[PDB]
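So the structure is just underneath, and the comments pick up after that.
We count ligands from 1, going down the list as the structure has it; atoms in each ligand are counted the same way. Naming: A, B, ... by sequence-line order, numbering from 1 per chain.
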Amino acid sequence: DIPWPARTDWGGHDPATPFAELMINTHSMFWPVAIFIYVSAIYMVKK
Amino acid sequence: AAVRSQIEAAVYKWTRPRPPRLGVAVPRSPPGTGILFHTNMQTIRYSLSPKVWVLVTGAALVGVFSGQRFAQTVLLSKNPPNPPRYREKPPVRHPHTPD
Amino acid sequence: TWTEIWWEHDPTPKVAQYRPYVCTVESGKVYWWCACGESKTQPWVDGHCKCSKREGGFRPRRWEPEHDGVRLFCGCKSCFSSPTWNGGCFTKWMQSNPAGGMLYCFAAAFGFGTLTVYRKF
Amino acid sequence: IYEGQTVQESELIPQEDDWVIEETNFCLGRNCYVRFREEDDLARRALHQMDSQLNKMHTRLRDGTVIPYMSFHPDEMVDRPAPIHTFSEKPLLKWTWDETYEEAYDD
Amino acid sequence: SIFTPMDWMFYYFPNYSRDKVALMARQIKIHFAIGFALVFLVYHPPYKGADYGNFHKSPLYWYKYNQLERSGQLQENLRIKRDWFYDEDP
Amino acid sequence: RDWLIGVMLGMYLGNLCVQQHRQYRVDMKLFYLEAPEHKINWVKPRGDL
Amino acid sequence: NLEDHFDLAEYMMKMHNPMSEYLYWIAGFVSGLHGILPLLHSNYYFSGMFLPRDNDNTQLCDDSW
Amino acid sequence: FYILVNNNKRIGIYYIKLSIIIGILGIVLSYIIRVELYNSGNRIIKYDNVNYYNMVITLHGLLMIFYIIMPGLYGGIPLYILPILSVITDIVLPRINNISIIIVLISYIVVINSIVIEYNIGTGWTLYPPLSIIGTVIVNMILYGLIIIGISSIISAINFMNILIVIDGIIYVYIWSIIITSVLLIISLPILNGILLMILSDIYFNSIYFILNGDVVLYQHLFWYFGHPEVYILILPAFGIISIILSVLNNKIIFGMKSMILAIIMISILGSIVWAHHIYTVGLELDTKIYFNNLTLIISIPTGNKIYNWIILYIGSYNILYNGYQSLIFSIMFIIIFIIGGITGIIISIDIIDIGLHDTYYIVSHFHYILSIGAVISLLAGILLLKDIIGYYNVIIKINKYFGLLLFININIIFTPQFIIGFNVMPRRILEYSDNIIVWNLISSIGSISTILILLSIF
Amino acid sequence: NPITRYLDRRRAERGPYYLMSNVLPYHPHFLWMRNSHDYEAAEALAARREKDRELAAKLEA
Amino acid sequence: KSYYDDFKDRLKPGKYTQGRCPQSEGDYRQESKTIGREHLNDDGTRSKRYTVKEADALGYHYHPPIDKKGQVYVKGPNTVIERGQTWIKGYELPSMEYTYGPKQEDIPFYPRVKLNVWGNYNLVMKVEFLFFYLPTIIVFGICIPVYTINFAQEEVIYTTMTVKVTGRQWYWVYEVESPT
Amino acid sequence: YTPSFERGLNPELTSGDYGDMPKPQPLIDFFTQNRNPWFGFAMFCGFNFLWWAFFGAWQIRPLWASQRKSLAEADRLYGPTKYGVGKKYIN
Ligand SMILES: CCCCCCCCCCCCCCCCCC(=O)OC[C@H](COP(=O)([O-])OCC(O)COP(=O)([O-])OC[C@@H](COC(=O)CCCCCCCCCCCCCCCCC)OC(=O)CCCCCCCCCCCCCCCCC)OC(=O)CCCCCCCCCCCCCCCCC
Ligand code: HEA
Ligand code: HEA
Ligand SMILES: [O-][O-]
Ligand SMILES: [Cu+2]
Ligand SMILES: [K+]
Ligand SMILES: [Zn+2]
Ligand SMILES: [Zn+2]
């Protein structure tokens with residue numbers, strides 16, 4: 001509904017429509033893949 | 001301690017590395033050739049042999065997921081049932097409604 | 001395992017210790033590190049080991065700190081960042097005692113798993 | 001992919017039992033900012049800069065041949081700082097092949 | 001060749017790969033035809049793909065379905081857990 | 001071979017967010033069904049000021 | 001000539017007049033002023049003040065200062 | 001002489017010098033923005049002078065893109081080393097090279113003069129009509145600057161393409177990076193000129209393209225048909241630099257040189273056909289949206305190959321070599337930072353995610369991490385690598401671990417919170433905002449003042 | 001924001017949940033507003049609450 | 001040891017800010033009168049006359065260097081005949097202490113080592129395949145989700161009410177059907 | 001701070017005459033940097049930033065105490081009803 005202080009709200013917050021829920025879950029679905037892509041690559045940044 | 005040394009000696013014997021199957025076309029060292037280089041050469045990283053690497057890496061994987069289970073079953077708690085949803089009176093007026 | 005199974009023409013050190021040596025060092029001073037593991041003034045060359053006598057391909061490893069402080073030094077004599085320590089002493093120990101290595105790795109992974117799961121959950 | 005030059009075992013056989021790998025230092029030396037003399041004028045400071053070029057340095061081996069300062073790209077081959085006119089004589093990229101012609105030889 | 005290490009193509013099919021220039025052209029053409037076909041044979045076809053009574057049920061679907069059917073879990077899972085909005089206040 | 005450690009570390013850290021997402025969906029399914037936070041016949045129009 | 005071998009020889013040989021550096025920094029400083037001076041001028045033109053007082057476009061407490 | 005010089009290396013220095021000068025104006029504008037956004041209220045801009053903020057954000061974007069990063073990465077480093085990498089005496093077109101830098105300066109003077117003399121209003125750096133065509137004369141002046149800049153960009157692109165005719169050595173990856181950017185410019189600029197001329201026609205010639213029965217969405221197609229190729233014209237030279245630095249400093253031959261080259265070519269072709277991911281919320285047809293979303297996600301493949309090829313360049317390098325040099329640190333930092341920016345780009349590429357995140361500060365943080373952090377650091381790293389060849393001094397940068405650490409920490413303090421407020425949500429191109437978004441905005445503002453202070457320590 | 005309040009309760013019940021909004025100020029003027037009040041709003045708000053109580057009793061009937 | 005103390009003597013601290021006296025005390029802007037220095041200023045910098053006002057590239061002081069026979073002066077090598085062979089002794093650069101200052105002693109040892117190359121062609125080819133096709137798999141894993149969510153937004157729904165929203169500078173107009 | 005002489009796992013390899021060269025020390029010295037007060041201040045500094053980075057400074061809390069007690073009272077008296085552990089949080 002309205003922004004609240006010091007909230008991460010990663011991927012969205014307070015959906016009030018089925019489409020709004022879809023948007024939040026699409027981001028949540030891809031987020032672990034993004035973490036994998038980052039962690040897997042960064043771990044090899046070294047001599 | 002006797003069993004500890006037994007399993008330690010059993011693992012050790014099995015893990016001792018065998019000569020690598022070179023995937024590169026290198027010559028055979030001449031016979032009777034000893035150490036020719038020195039320790040001031042650029043350091044070459046010390047790498048575990050495949051069997052040892054699998055063993056320790058597998059112990060690490062078994063460790064992290066058993067740790068995840070320990071946290072889930074002991075440290076964390078399950079949600080109790082949501083409180084009953086009873087009918088409640090809403091506020092009579094919106095605070096911003098003109099009088 | 002480069003010296004052990006791959007290449008037989010580089011000098012092979014002896015492990016003095018499977019743990020780093022902690023020493024206080026001063027900027028502007030040059031230190032000489034034992035690369036054979038037989039010096040009695042570890043982690044430094046004592047003037048009587050292989051490194052001091054230039055025997056069998058062993059030579060002292062020159063090192064100089066940028067700033068004063070306490071620095072960790074390699075005892076296993078095979079760390080990639082030798083003379084400084086980067087954890088290769090533990091790695092080389094696991095090669096020599098693979099059963100012990102698994103125990104420590106499981107314990108470390110167990111702690112890491114519990115903490116990360118407890119906080120995120 | 002490149003994996004170094006190929007070696008035949010015959011080429012790894014020493015002519016003496018005491019042969020080891022030559023321990024020649026390939027650190028060129030201790031350097032810092034090029035330090036000009038106050039007395040030197042613009043012309044003589046130019047000569048000073050030209051005499052401090054690392055890419056003109058080399059290491060002499062036991063047989064008298066020298067391994068020069070080398071780089072992957074020609075950017076490190078010009079004088080530092082870069083002069084107005086750099087490659088007056090065209091730099092030569094040497095390619096190798098097995099072709100030969102009789103005129104080059106004599107019996 | 002699709003999802004194929006071309007080192008393998010060079011080894012196992014030496015005669016088909018002899019002309020590497022021609023081999024490259026086929027690589028482009030094959031994948032061009034695949035992309036073109038996807039649009040006009042998987043996406044475009046009109047009034048198709050709406051047979052929802054024919055949802056594929058794989059061997060794994062039935063393994064898990066029968067397991068739950070044998071026990072009461074399948075019945076319990078399908079049961080409607082709540083069909084009222086307000087609980088009764090005592 | 002080391003790069004595999006990174007794959008496994010990135011698969012563990014990713015799975016943590018999968019579990020959070022999994023629990024999130026369970027919670028969402030219970031909001032409109034049981035959560036007392038969900039209220040109906042509650043919001044009244046404010047009207048023009 | 002040896003003096004002409006290097007581009008910008010005086011600067012590279014560390015003999016250049018410092019005024020050249022000062023002009024470069026001054027030019028950058030003037031460039032920066034093109035974002036600040038019109039801000040002050042425009043504020044005064046439409047308000048009468050060169051810069052606002054934080055939250056002076058909102059309701060303030062009696063003791064606010 | 002100074003202005004008459006045709007030396008390609010001197011002109012390269014001029015490009016870097018001018019980028020820093022114009023950059024001062026760019027950074028100042030950024031400080032104004034962040035100061036204003038520190039809390040809710042008016043802080044340094046009056047409510048009656050809100051048009052100035054709109055102009056500040058517009059000029060910030062335009063100057064940093066076309067007058068700072070592009071002249072620095074495509075004009076500065078390229079004009080200095082490309083003829084050397086090509087083992088050629090000098091650039092193919094000497095006189096054209098001279099006029100290009102003069103043109104850039106003249107267009108900069110026009111822009112800043114328009115700040116001083118014209119009424120200050122803004123329409124974004126994307127100059128969307130009808131807003132751009134109902135504005136005052138400052139918009140006309142900005143259009144003249146862009147067209148003039150376009151002339152310099154195209155002639156410089158022609159100059160680099162001619163190196164293929166004279167190159168006496170091997171086309172290294174970096175040379176390939178510049179050539180492909182030149183191709184991208186030759187194909188994208190003529191379209192930009194056309195749409196800009198149409199903006200002028202509506203502003204100055206009573207044309208009616210951007211009034212009812214004329215589709216305003218037309219502009220966005222032609223603009224972004226240049227817009228997105230521009231973001232790769234700005235990043236590809238940076239990639240070329242990263243390749244040289246990693247190979248040289250690690251003493252390791254580039255791995256997969258041909259894959260690096262073919263990855264750059266691929267990014268260009270794909271980047272020329274994905275522009276409408278900037279137009280997801282306009283209301284395009286379902287199939288168009290799916291095409292563009294699909295092709296946009298494909299760009300990650302070639303971009304990913306380059307990243308992993310860089311990683312193996314740093315892996316295995318000798319430990320004895322000192323790794324604290326600023327150039328090496330910046331090159332490594334680029335890989336770490338670019339992955340963040342690219343991954344967030346893939347997130348916004350999903351159109352349904354984009355509905356929530358369009359015109360929010362998440363987009364800001366996305367392109368800042370790539371440009372304000374990645375591109376800047378790449379240009380710094382490239383100049384630092386060529387310090388001996390260029391010959392500049394009177395700065396403490398070459399070995400300064402404090403500068404690198406402070407820059408990395410504080411730059412992340414600015415833009416990481418901007419990802420959070422993207423799901424809060426705080427729109428872009430605004431100055432006032434709700435009181436519940438102050439915390440994150442305040443943190444980013446503290447980051448901006450700190451970064452500026454660190455820029456003074458280099459001297 | 002009913003779903004933020006529900007999800008906070010669910011998370012807190014399961015494990016350790018920490019909110020910055022709970023511990024830190026949300027505005028920077030807090031350093032000066034320790035004793036600040038709007039007395040005109042206080043009187044108006046109290047009056048509206050009194051009227052609301054009368055309306056509630058009437059609605060109860 | 002402190003290497004700075006070795007060349008401390010060469011570095012005499014300076015007297016003037018920026019290394020020049022006030023122009024009044026000495027006019028460094030004028031051309032030097034010293035013979036053979038007509039192209040230099042008093043402080044040693046090149047004079048504007050030499051570089052700008054009378055630059056040779058503009059046709060001033062025309063003096064073709066090449067002679068009648070198409071030759072220019074060239075300095076020969078240091079030739080040393082020996083052992084029935086003519087040898088050339090190359091010019092070795094001066095000690096880096098002379099040019100840089102530090103005494104060339106106690107230099108750390110950096111041995112010769114040939115380039116650090118990645119080996120095992122078969123293994124490398126597989127990695128490169130993965131460097132390309134692991135991202136390709138991930139993209140393919142997103143493709144199906146992307147299609148579905150796009151189809152969901154563009155779904156023909158049985159809407160029963162319409163609200164028209166017009167955006168004007170700077171307010172939002174709303175048109176709604178009124179109850180009959 | 002006159003550190004101690006740690007012999008190590010193999011005491012015979014530390015039994016020689018060090019002379020001017022430094023002697024090995026316990027690992028607590030490395031963590032404390034020989035109990036350097038500035039490194040302790042720097043360590044405390046590292047914690048202070050990291051706490052700001054993740055959870056906020058928490059140094060403003062003593063100043064915010066009165067204004068966090070007013071916010072809590074308002075949420076309880078007039079805010080939307082909180083249930084269970086939710087009542088712990090105030091926004
Ligand atoms: C992003 C920032 C941070 C970056 C950090 C990272 C940096 C990393 C490193 C980057 C390195 C890049 C590569 C560097 C290569 C350098 C090569 C080089 O040195 O070339 C030699 C080149 C020239 O040396 P040369 O060969 O000896 O040249 C001899 C001359 O050709 C002949 O000598 P001459 O004496 O005969 O010269 C003629 C001279 C004759 O000069 C004089 O007679 C001067 C007399 C004194 C005047 C002083 C100014 C007075 C101002 C008064 C203002 C009054 C305001 C009143 C307000 C009242 C209000 C009520 O000048 C003129 O006649 C024309 C001057 C025109 C230019 C200056 C324009 C100033 C601004 C004008 C604004 C106008 C606005 C109008 C608006 C109108 C609106 C209606 O050097 C320079 O030009 C200086 C470069 C210095 C910096 C080099 C880089 C150092 C490293 C970076 C440091 C950080 C910089 C940060 C940016 C600046 C921040 C502010
Ligand atoms: C140089 C600058 C630059 C670069 C490189 C990019 C790169 C990318 N950008 Fe761009 N972008 C901008 C600058 C840039 N962008 C700017 C300035 C805007 C806003 C303009 C405005 O609106 O005014 C913008 C806007 C923008 C939007 C608009 C969002 C909106 O308007 O709401 C989108 C969405 O499609 C997008 C997507 C992408 C993608 C998908 C990439 C890809 O190139 C990213 C590719 C990189 C990776 C994917 C990471 C590396 C690869 C791997 C680690 C392999 C493994 C990863 C996977 C398998 C996914 N960008
Ligand atoms: C590459 C271009 C570039 C660069 C460097 C930056 C740098 C910065 N930008 Fe950026 N910014 C844009 C391009 C850029 N920006 C664009 C295109 C927009 C959108 C415009 C629009 O909305 O219309 C934008 C918008 C934008 C906004 C949004 C305002 C709004 O529309 O509401 C904000 C503030 O939040 C901001 C802040 C900053 C900050 C704080 C920095 C930096 O100050 C951060 C700190 C980094 C430095 C200070 C180093 C920079 C140094 C150089 C650039 C010189 C390099 C030269 C050499 C190396 C020779 N930018
Ligand atoms: O723009 O990506
Ligand atoms: Cu784009
Ligand atoms: K504000
Ligand atoms: Zn020894
Ligand atoms: Zn060790």
Next on the checklist: Show me which atoms of ligand 1 lie under 4.0 Å from any heavy atom of H/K17.
Outcome noted: 82 (C), 83 (O)

Next on the checklist: Yes or no, since that's all I need: does a protein heavy atom fall within a distance strictly under 4.0 Å of atom 95 (C) of ligand 1?
Outcome noted: yes

Next on the checklist: Test of understanding: given a 4.0 Å heavy-atom threshold, classify the contact between G/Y11 and ligand 1 as side chain, backbone, both, or neither.
Outcome noted: side chain

Next on the checklist: Show the nearest heavy-atom pair for residues H/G122 and H/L131, with the distance to one decimal.
Outcome noted: O-CD2, 4.3 Å

Next on the checklist: Would you say atom 42 (C) of ligand 1 makes contact with the protein, given that contact here means a non-hydrogen protein atom less than 4.0 Å away?
Outcome noted: no

Checklist outcome for this item: Closest heavy-atom approach to atom 43 (O) of ligand 2 among H/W125, A/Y38, H/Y232 is made by H/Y232

Checklist entry - For G/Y24, is at least one N or O under 3.5 Å away from an N or O on ligand 1? => result no

Checklist entry - By number and element, which atoms of ligand 1 are closer than 4.0 Å to a non-hydrogen atom of G/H16? => result 27 (O)

Next on the checklist: Check this for me, if you would: do G/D7 and H/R10 make a salt bridge, where the nitrogen-to-carboxylate-oxygen distance has to be below 4.0 angstrom?
Outcome noted: yes

Item to check | For ligand 2, the portion of H/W224 having any non-hydrogen atom under 4.0 Å away | outcome: side chain

Checklist outcome for this item: Of all protein heavy atoms, the one nearest atom 49 (C) of ligand 1 is G/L23 CD2, 4.1 Å

Checklist outcome for this item: Any heavy atom of H/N394 under 4.0 Å from ligand 1? The part involved is neither

Checklist entry - Under 4.0 angstrom from atom 20 (O) of ligand 1, is there any protein heavy atom? => result yes

Checklist entry - Short check: is a protein heavy atom less than 4.0 Å from atom 65 (C) of ligand 1? => result yes

Next on the checklist: Give me the atom names and distance for the closest heavy-atom approach of G/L40 to G/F50.
Outcome noted: CD2-O, 3.3 Å

Next on the checklist: Show, in sequence, the C-alpha distance, side-chain angles and deciding distance for H/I279 and H/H221, and conclude whether the side chain to side chain contact (heavy atoms under 4.5 Å, CB included) test is met.
Outcome noted: CA-CA 8 Å; H/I279 321 184; H/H221 283 278; 4.3 Å; yes

Checklist entry - Taking the side chain from H/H366 and the backbone from H/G341, do they hold a donor-acceptor pair closer than 3.5 Å? => result yes

Checklist entry - Would H/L192 and H/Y225 satisfy side chain to side chain contact (heavy atoms under 4.5 Å, CB included), going step by step from the backbone distance to the final call? => result CA-CA 8 Å; H/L192 174 63; H/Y225 181 83; over 6 Å; no

Checklist entry - Which residue holds the protein heavy atom closest to atom 48 (C) of ligand 2, what is that atom called, and what is the gap in Å? => result H/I346 CG1, 3.4 Å

Next on the checklist: Exactly one of H/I377, H/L380, H/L384, H/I399 should register a side chain to side chain contact (heavy atoms under 4.5 Å, CB included) with H/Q326. Which one does?
Outcome noted: H/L384

Next on the checklist: Less than 4.0 Å from atom 76 (C) of ligand 1, is there any heavy atom belonging to the protein?
Outcome noted: no

Checklist entry - At a 4.0 Å threshold, what atoms of ligand 2 neighbour a non-hydrogen atom of H/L357? => result 32 (O)

Checklist entry - What about the rings of J/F131 and F/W3, do their centers lie closer together than 6.0 Å? => result yes

Next on the checklist: If the cut-off is 4.0 Å to any non-hydrogen atom of J/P135, which atoms of ligand 2 fall inside it?
Outcome noted: 58 (C)

Checklist entry - What is the closest protein heavy atom to atom 29 (C) of ligand 2, and at what distance does it sit? => result H/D354 OD1, 3.2 Å

Checklist entry - Is any protein N, O or S atom closer than 2.8 Å to atom 10 (Fe) of ligand 2, and if so, which? => result H/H366 NE2

Next on the checklist: If the cut-off is 4.0 Å to any non-hydrogen atom of H/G304, which atoms of ligand 2 fall inside it?
Outcome noted: 51 (C), 52 (C), 54 (C)

Next on the checklist: Would you say atom 73 (C) of ligand 1 makes contact with the protein, given that contact here means a non-hydrogen protein atom less than 4.0 Å away?
Outcome noted: yes

Item to check | Subset of ligand 2 atoms that lie under 4.0 Å from at least one heavy atom of H/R428 | outcome: 21 (C), 22 (O), 23 (O)

Item to check | Verdict with supporting geometry, H/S268 and H/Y232, side chain to side chain contact (heavy atoms under 4.5 Å, CB included) | outcome: CA-CA 7 Å; H/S268 74; H/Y232 291 101; over 6 Å; no

Checklist entry - Who gets closest to atom 57 (C) of ligand 2 by heavy atom: H/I235, H/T126, A/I37, H/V364? => result A/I37

Checklist entry - Less than 3.5 Å between some nitrogen or oxygen of H/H358 and one of ligand 2, yes or no? => result yes

Item to check | D/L42 and G/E10, any side-chain heavy atoms less than 4.5 Å apart | outcome: yes

Checklist entry - H/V395 heavy atoms, cut-off 4.0 Å: which ligand 1 atoms fall inside? => result 91 (C), 92 (C), 93 (C)

Checklist outcome for this item: Taking only non-hydrogen atoms of H/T296 and a 4.0 Å limit, the atoms of ligand 2 in range are 40 (C)

Item to check | atom 49 (C) of ligand 2 [closest protein heavy-atom partner, distance rounded to 0.1 Å] | outcome: H/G342 CA, 3.7 Å

Checklist outcome for this item: Of all protein heavy atoms, the one nearest atom 25 (C) of ligand 2 is H/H278 CE1, 3.1 Å

Item to check | Contact atoms of ligand 2, heavy-atom distance to H/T303 under 4.0 Å | outcome: 45 (C), 46 (C), 50 (C)

Next on the checklist: Please evaluate residues J/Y50 and G/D4 with respect to the criterion side chain to side chain donor-acceptor pair (under 3.5 Å), reporting the C-alpha separation (whole Å), side-chain torsions for both, the decisive distance (0.1 Å), and the verdict.
Outcome noted: CA-CA 11 Å; J/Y50 170 72; G/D4 304 322; 2.6 Å; yes

Item to check | Residue pair G/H16 / G/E21, side-chain donor-acceptor N/O under 3.5 Å | outcome: yes

Checklist entry - Near H/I20, which atoms of ligand 1 are under 4.0 Å from a heavy atom of that residue? => result 1 (C), 2 (C), 10 (C), 96 (C), 97 (C)

Next on the checklist: Under a 4.0 Å threshold between the charged nitrogen and the carboxylate oxygen, would J/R29 count as salt-bridged to J/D42?
Outcome noted: no

Item to check | Side-chain touch H/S177/H/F239, heavy atoms, less than 4.5 angstrom | outcome: no

Checklist outcome for this item: Numbered in order shown, the ligand 1 atoms found under 4.0 Å of a heavy atom of H/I16 are 12 (C)

Checklist entry - Hey, does J/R20 have a side-chain heavy atom less than 4.5 Å from the side chain of G/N17? => result yes

Checklist entry - Looking only at protein heavy atoms, which one is nearest to atom 31 (O) of ligand 1, and how far off is it? => result H/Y2 CD1, 4.6 Å

Checklist entry - Can you check whether a protein heavy atom sits less than 4.0 angstrom from atom 68 (C) of ligand 1? => result yes

Next on the checklist: So if I count the atoms of ligand 1 from 1 in the order they appear, which ones are less than 4.0 Å from some heavy atom of J/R29?
Outcome noted: 35 (O), 36 (O)

